[PDB]
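Shown next as structure tokens: one chain only, the form deposited in one PDB entry.
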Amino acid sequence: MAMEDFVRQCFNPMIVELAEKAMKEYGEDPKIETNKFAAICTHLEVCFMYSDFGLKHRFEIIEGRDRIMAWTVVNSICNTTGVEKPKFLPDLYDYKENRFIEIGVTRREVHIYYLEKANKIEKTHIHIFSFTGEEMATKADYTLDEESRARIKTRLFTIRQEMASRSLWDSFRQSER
């Protein structure tokens, strides 16, 4: 699979390893479910990039932790800010706006995916990125500055074009659940 090669060649090891670990604990093989693997890597990188554009410690990363730590972080945040405990593990906590964030990344229409997220959940803030430079966030509050957002959008467009370059993008486009 070029897709497996592409993942290894275009995302930093930490992300690949985390992605690999997450699939393999739940019986899923990244050599087979390769479009899923790419997607997880993609969502992780975004989650991390979002975090990195932050009070220097603006955001707390929840995604990418093991489940024990993820919950440990979340509870610890709830107990000392008073904020209601979410049902599902979100991606980030915003210490400035003092809310949880759910990051979405979609090959579909941003509004489409936004609804799916809003429906599945809490007073968690939602931010949706697409591979087209489009984004959607609750009450249109985009949390970050334009530069930080431009960098995420550029990284996603680039992943799309690299996939496209390797005739991998049509599979990947059509593979969102």
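Residue numbers here begin at 1 and follow the sequence given. Here, rigid core means the biggest group of C-alpha atoms that superpose within 1.5 Å across both forms.
Quick note: we don't show the form deposited with a small molecule bound, though the next part is all about it.
Mapping the unseen interface onto this chain, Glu122 falls outside it, with no heavy atom inside 4.5 Å of the small molecule in the deposited complex.
Put simply, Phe48 is close to the small molecule in the deposited complex: some heavy atom of it is within 4.5 Å.
For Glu135, no non-hydrogen atom is located within 4.5 Å of the small molecule in the deposited complex, even though that partner is not displayed. For the chain shown alone, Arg149 is not a contact residue for the small molecule in the deposited complex, no non-hydrogen atom being within 4.5 angstroms. The three residues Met3, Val7 and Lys31 each lack any heavy atom within 4.5 Å of the small molecule in the deposited complex. Relative to the superposed core, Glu17 shifts its CA atom by less than 2 Å between this form and the one not shown.
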